[PDB]
Amino acid sequence: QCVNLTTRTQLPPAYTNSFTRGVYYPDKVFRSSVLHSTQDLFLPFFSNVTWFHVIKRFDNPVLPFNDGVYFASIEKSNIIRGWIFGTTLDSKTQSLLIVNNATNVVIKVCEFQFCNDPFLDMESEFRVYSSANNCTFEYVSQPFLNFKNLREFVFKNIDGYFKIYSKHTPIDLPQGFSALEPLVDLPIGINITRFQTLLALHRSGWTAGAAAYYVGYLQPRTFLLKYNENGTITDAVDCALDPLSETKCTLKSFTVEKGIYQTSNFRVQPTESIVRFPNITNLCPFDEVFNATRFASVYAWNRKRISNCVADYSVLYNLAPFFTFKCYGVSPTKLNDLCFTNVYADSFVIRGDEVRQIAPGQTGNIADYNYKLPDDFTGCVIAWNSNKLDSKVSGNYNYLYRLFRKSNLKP
Amino acid sequence: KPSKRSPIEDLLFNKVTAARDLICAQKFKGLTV
Amino acid sequence: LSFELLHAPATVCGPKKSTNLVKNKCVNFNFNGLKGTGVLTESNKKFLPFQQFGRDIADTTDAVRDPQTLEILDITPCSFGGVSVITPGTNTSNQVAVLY
Amino acid sequence: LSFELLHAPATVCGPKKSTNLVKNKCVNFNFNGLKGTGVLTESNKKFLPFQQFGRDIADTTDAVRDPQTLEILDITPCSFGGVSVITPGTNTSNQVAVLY
Amino acid sequence: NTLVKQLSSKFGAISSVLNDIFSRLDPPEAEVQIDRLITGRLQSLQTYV
Amino acid sequence: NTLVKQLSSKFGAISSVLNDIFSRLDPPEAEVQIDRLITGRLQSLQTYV
Ligand SMILES: *[C@@H]1O[C@H](CO)[C@@H](O[C@@H]2O[C@H](CO)[C@@H](O)[C@H](O)[C@H]2NC(C)=O)[C@H](O)[C@H]1NC(C)=O
Ligand SMILES: *[C@@H]1O[C@H](CO)[C@@H](O[C@@H]2O[C@H](CO)[C@@H](O)[C@H](O)[C@H]2NC(C)=O)[C@H](O)[C@H]1NC(C)=O
Ligand SMILES: *[C@@H]1O[C@H](CO)[C@@H](O[C@@H]2O[C@H](CO)[C@@H](O)[C@H](O)[C@H]2NC(C)=O)[C@H](O)[C@H]1NC(C)=O
Ligand SMILES: *[C@@H]1O[C@H](CO)[C@@H](O)[C@H](O)[C@H]1NC(C)=O
Ligand SMILES: *[C@@H]1O[C@H](CO)[C@@H](O)[C@H](O)[C@H]1NC(C)=O
């Protein structure tokens with residue numbers, strides 16, 4: 001049970017520029033006045049990320065979760081309440097939920113029902129879900145929470161571990177540098193293809209405060225980090241943007257003297273490819289087996305050996321309509337891309353009820369005294385009607401079949 | 001001569017020495033000059 | 001129809017694939033199971049009727065013949081090389097020059 | 001009580017046996033599965049909370065964190081060096097001198 | 001010429017060509033073959049330098 | 001500096017720390033990585049010399 005507001009004024013999302021923010025401590029090692037090179041997941045410098053603003057005006061679309069999330073918010077009065085990581089936004093698949101209380105934070109992984117517009121609403125009411133489903137993992141921790149609030153988080157899930165790194169800055173995006181420090185590691189290990197967020201608004205209609213946020217994605221990159229006299233990362237340089245940064249990485253220094261320096265190589269990265277092969281040329285005729293002027297009886301059927309042939313199995317559906325066509329071992333899905341040693345063709349004529357008998361593991365007089373098929377037989381069996389050709393009003397006694405025999409025949 | 005070289009220098013240069021050149025073959029293997 | 005597998009070259013199979021050739025462009029190619037990458041050009045070399053491939057003094061492929069048509073194609077490795085940055089002191093300015 | 005083993009982190013065993021810490025002595029120690037050797041001493045570094053063990057320019061462990069008192073201890077390899085021997089000809093005299 | 005000719009040496013591997021090594025079998029031995037090849041090539045490069 | 005950097009290279013082994021190799025691997029088949037590391041370090045020392 002939720003409410004839908006008709007005061008929505010749709011506006012296309014805006015794009016802002018992340019200059020130098022989005023750098024975190026790679027691990028738990030202390031460094032002092034050492035320029036260290038690292039190759040890990042980071043937000044590229046001068047990235048073009050999304051802008052979300054609500055203040056009528058209200059829109060919170062859902063964004064993908066390709067590789068990682070960098071979340072930033074300039075804010076006051078703690079409007080934002082939490083986040084949802086949901087790949088489908090329903091009570092069918094698993095989801096994840098982070099809620100920041102007034103004096104607590106709760107993290108959970110399970111499924112809930114979300115309305116057309118879930119949010120939080122002094123405030124003594126809270127309506128973001130309409131389902132009570134079981135949950136597997138849950139945890140409770142101490143809460144994390146002019147413009148004075150600037151909170152930035154990063155979420156990354158890899159190696160079966162999900163990371164929570166958070167930081168706050170007291171005070172578009174400001175042109176500054178800050179260090180993002182680790183908080184929590186968790187053994188969750190879930191895919192997550194999309195995610196949501198939370199916010200709190202007070203009824204007047206309704207009144208919304210100054211709430212805005214930015215979301216960016218991480219990429220694998222090489223960075224150079226300069227630690228100060230303490231364990232604080234005071235500067236970072238990304239050298240996948242401009243040649244000067246590449247020279248800085250090559251020299252492993254923040255200052256470059258006058259001269260010429262070799263950095264990398266140059267390539268072309270060709271497009272598409274050529275898969276040319278010679279002509280088909282030699283095509284031994286399959287028509288002499290299928291469309292022969294006459295056939296042989298099942299006891300003495302016709303045998304043909306096929307070797308060193310370019311045999312196309314695609315051009316076969318150009319005869320009488322459709323009928324038995326069953327393949328064993330090799331699928332009928334155009335398996336011509338497999339060059340075999342020899343092919344044996346066994347052509348005969350049998351009545352309608354004996355068509356099923358030509359198969360491995362079948363019981364019948366034809367299957368024993370006339371034509372025996374092994375269990376490990378690989379190939380295909382085709383059978384088509386021939387009433388208009390093999391039948392005569394006076395009768396066609398030419399074709400025969402064996403009925404009695406001392407012993408069965410080998411395959 | 002446009003090269004502005006003496007006959008002795010020209011002779012010294014001359015004495016010192018379809019299908020792909022060996023230099024191009026070496027270039028085509030990551031080896032540049 | 002039954003297929004057999006014995007100790008033999010096993011050369012019984014239909015069409016492999018076919019495609020059109022594009023010249024003067026860097027591209028991968030696969031001729032008769034021989035893989036390569038480069039730019040294709042019209043070749044003026046006169047191969048003998050039995051000869052298909054071609055190697056230079058460096059013992060590397062530098063020519064090939066179209067299996068479909070008796071045309072000689074010259075392969076050339078695509079352009080590559082190192083790059084360099086020419087810059088003054090960073091205390092002076094930040095502009096740089098790129099040399100290929 | 002039921003015991004199972006699956007493709008899980010399997011983080012239910014509890015810490016194993018622990019001993020006391022000794023400083024100012026070249027000893028071999030184990031810290032959360034990390035083997036080390038040297039002398040433990042008080043550390044004056046400003047180890048902020050999440051920093052556990054530090055490293056130097058040579059990329060080796062310099063300080064460690066005790067996961068029983070949340071204290072940072074500096075590690076230093078104990079005294080070592082080279083020995084040189086000064087001696088005249090053996091046919092002349094047998095007296096020798098050494099230099100560390 | 002030498003720095004080119006060493007490119008045609010197996011160096012104890014199955015073949016000088018490396019992509020056929022990857023496509024022939026699984027990594028658990030192709031890795032060893034590539035290790036041998038790169039060690040030989042690096043030794044040749046160091047000698048040339 | 002180069003020599004110091006040569007202490008941070010696995011040369012294609014599992015790790016650059018001996019105790020981890022000796023503890024996480026069974027010693028009869030863990031000798032190959034140690035021998036590879038020894039050979040790499042000796043080669044680096046010879047090049048430096
Ligand atoms: C923190 O906020 C959560 C989220 O609303 C509170 O959890 C609710 O608690 C009430 C009463 O205990 C239940 O009726 C709701 O079903 C709970 N909802 C959810 C989503 O858990 C929690 O009580 C708050 N206070 C804490 C954790 O101390
Ligand atoms: C590194 O840490 C030290 C110690 O915490 C900082 O030195 C202190 O800095 C503050 C602020 O400038 C001064 O009020 C103190 O008097 C300093 N302490 C001493 C003993 O001098 C140092 O500033 C830090 N380095 C930074 C932040 O770059
Ligand atoms: C390979 O097959 C192609 C099919 O297009 C042949 O190309 C044409 O073939 C027809 C006869 O099938 C000739 O009349 C044309 O003159 C051919 N044109 C060209 C441009 O070749 C091609 O000749 C075949 N090649 C071989 C060696 O069999
Ligand atoms: C970032 O996206 C906005 C979207 O309008 C665009 O105007 C701007 O040019 C983009 N920035 C860059 C560097 O491409
Ligand atoms: C509000 O939207 C929901 C969709 O989630 C819909 O089921 C409900 O009927 C809407 N409310 C009204 C009053 O129509």
# chains A, B, ... in the order shown; residues from 1 in each chain; ligands from 1
>>> residues_around(residues="region 51-61 of chain D", least_positions_apart="4", cutoff="7 Å", atoms="only C-alpha atoms", output="ChimeraX atom specification")
/A:28-31,34 /D:47,65 /F:4
>>> residues_around(residues="region 5-11 of chain F", least_positions_apart="4", cutoff="10 Å", atoms="only C-alpha atoms", output="number ranges by chain")
D: 58-60; E: 35, 39; F: 1, 15-17, 33-34, 36-41, 44-45
>>> write_last_selection(atoms="N, CA, C and O atoms", output="mmCIF file, in the first residue's frame")
data_model
loop_
_atom_site.group_PDB
_atom_site.id
_atom_site.type_symbol
_atom_site.label_atom_id
_atom_site.label_comp_id
_atom_site.auth_asym_id
_atom_site.auth_seq_id
_atom_site.Cartn_x
_atom_site.Cartn_y
_atom_site.Cartn_z
ATOM 1 N N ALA D 58 61.395 -0.714 0.373
ATOM 2 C CA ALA D 58 61.882 -1.974 -0.172
ATOM 3 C C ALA D 58 60.794 -3.035 -0.273
ATOM 4 O O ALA D 58 61.088 -4.166 -0.671
ATOM 5 N N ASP D 59 59.555 -2.693 0.085
ATOM 6 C CA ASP D 59 58.416 -3.611 0.031
ATOM 7 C C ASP D 59 58.684 -4.817 0.936
ATOM 8 O O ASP D 59 58.938 -5.934 0.477
ATOM 9 N N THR D 60 58.712 -4.557 2.240
ATOM 10 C CA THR D 60 58.773 -5.601 3.253
ATOM 11 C C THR D 60 58.071 -5.106 4.508
ATOM 12 O O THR D 60 57.910 -3.900 4.712
ATOM 13 N N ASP E 35 55.686 -20.615 -20.880
ATOM 14 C CA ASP E 35 56.742 -20.227 -19.951
ATOM 15 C C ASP E 35 58.113 -20.561 -20.520
ATOM 16 O O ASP E 35 59.032 -19.732 -20.489
ATOM 17 N N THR E 39 60.827 -17.690 -21.569
ATOM 18 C CA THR E 39 62.135 -17.715 -20.919
ATOM 19 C C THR E 39 63.254 -17.760 -21.951
ATOM 20 O O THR E 39 64.242 -17.022 -21.847
ATOM 21 N N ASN F 1 68.109 0.010 -7.307
ATOM 22 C CA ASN F 1 66.653 -0.006 -7.346
ATOM 23 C C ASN F 1 66.155 -1.174 -8.180
ATOM 24 O O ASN F 1 65.288 -1.937 -7.735
ATOM 25 N N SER F 15 53.799 -17.205 -5.856
ATOM 26 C CA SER F 15 53.986 -16.077 -4.956
ATOM 27 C C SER F 15 55.472 -15.810 -4.783
ATOM 28 O O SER F 15 56.317 -16.653 -5.090
ATOM 29 N N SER F 16 55.781 -14.614 -4.285
ATOM 30 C CA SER F 16 57.152 -14.198 -4.023
ATOM 31 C C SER F 16 57.572 -14.422 -2.576
ATOM 32 O O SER F 16 58.680 -14.027 -2.198
ATOM 33 N N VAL F 17 56.722 -15.042 -1.761
ATOM 34 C CA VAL F 17 57.007 -15.281 -0.352
ATOM 35 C C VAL F 17 57.169 -16.781 -0.148
ATOM 36 O O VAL F 17 56.295 -17.564 -0.539
ATOM 37 N N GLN F 33 58.467 -24.225 -8.136
ATOM 38 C CA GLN F 33 58.342 -22.778 -7.978
ATOM 39 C C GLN F 33 59.564 -22.189 -7.286
ATOM 40 O O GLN F 33 60.064 -21.129 -7.684
ATOM 41 N N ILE F 34 60.061 -22.866 -6.249
ATOM 42 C CA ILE F 34 61.241 -22.383 -5.543
ATOM 43 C C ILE F 34 62.451 -22.379 -6.469
ATOM 44 O O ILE F 34 63.235 -21.424 -6.479
ATOM 45 N N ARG F 36 62.406 -22.124 -9.727
ATOM 46 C CA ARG F 36 62.196 -21.035 -10.676
ATOM 47 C C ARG F 36 62.596 -19.697 -10.066
ATOM 48 O O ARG F 36 63.264 -18.879 -10.712
ATOM 49 N N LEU F 37 62.197 -19.461 -8.814
ATOM 50 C CA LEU F 37 62.569 -18.219 -8.142
ATOM 51 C C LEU F 37 64.080 -18.109 -7.982
ATOM 52 O O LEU F 37 64.658 -17.035 -8.198
ATOM 53 N N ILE F 38 64.737 -19.208 -7.602
ATOM 54 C CA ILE F 38 66.188 -19.186 -7.428
ATOM 55 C C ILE F 38 66.874 -18.868 -8.750
ATOM 56 O O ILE F 38 67.803 -18.054 -8.809
ATOM 57 N N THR F 39 66.426 -19.510 -9.832
ATOM 58 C CA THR F 39 67.026 -19.260 -11.139
ATOM 59 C C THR F 39 66.828 -17.812 -11.569
ATOM 60 O O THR F 39 67.756 -17.179 -12.088
ATOM 61 N N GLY F 40 65.628 -17.268 -11.356
ATOM 62 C CA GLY F 40 65.388 -15.879 -11.716
ATOM 63 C C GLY F 40 66.257 -14.915 -10.932
ATOM 64 O O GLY F 40 66.821 -13.971 -11.495
ATOM 65 N N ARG F 41 66.385 -15.141 -9.622
ATOM 66 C CA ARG F 41 67.211 -14.262 -8.803
ATOM 67 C C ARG F 41 68.683 -14.361 -9.191
ATOM 68 O O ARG F 41 69.385 -13.343 -9.246
ATOM 69 N N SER F 44 69.132 -12.413 -12.411
ATOM 70 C CA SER F 44 69.140 -10.977 -12.148
ATOM 71 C C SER F 44 70.466 -10.535 -11.542
ATOM 72 O O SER F 44 71.017 -9.492 -11.923
ATOM 73 N N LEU F 45 70.995 -11.317 -10.599
ATOM 74 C CA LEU F 45 72.284 -10.987 -10.000
ATOM 75 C C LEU F 45 73.398 -11.013 -11.040
ATOM 76 O O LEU F 45 74.279 -10.145 -11.038
#
>>> residues_around(residues="region 15-32 of chain D", least_positions_apart="6", cutoff="12 Å", atoms="only C-alpha atoms", output="PyMOL selection string")
(chain D and resi 38-43+52-53+61+63-69+71+73-80) or (chain F and resi 19)
>>> interface_residues(of="chain A", to="chain B", cutoff="12 Å", atoms="only C-alpha atoms", output="list in words")
residues 265, 266 and 267 of chain A
>>> write_last_selection(atoms="N, CA, C and O atoms", output="PDB file, in the first residue's frame")
ATOM      1  N   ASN A 265      53.649   2.140 -27.105  1.00  0.00           N
ATOM      2  CA  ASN A 265      53.710   1.767 -28.507  1.00  0.00           C
ATOM      3  C   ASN A 265      52.441   2.223 -29.227  1.00  0.00           C
ATOM      4  O   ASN A 265      51.575   2.888 -28.649  1.00  0.00           O
ATOM      5  N   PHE A 266      52.335   1.858 -30.503  1.00  0.00           N
ATOM      6  CA  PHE A 266      51.205   2.233 -31.341  1.00  0.00           C
ATOM      7  C   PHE A 266      50.767   1.026 -32.156  1.00  0.00           C
ATOM      8  O   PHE A 266      51.606   0.281 -32.671  1.00  0.00           O
ATOM      9  N   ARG A 267      49.453   0.834 -32.269  1.00  0.00           N
ATOM     10  CA  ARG A 267      48.887  -0.305 -32.980  1.00  0.00           C
ATOM     11  C   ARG A 267      47.722   0.170 -33.838  1.00  0.00           C
ATOM     12  O   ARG A 267      47.316   1.334 -33.786  1.00  0.00           O
TER      13      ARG A 267
END
>>> calpha_fit_rmsd(fixed="chain C", moving="chain D")
1.0 Å
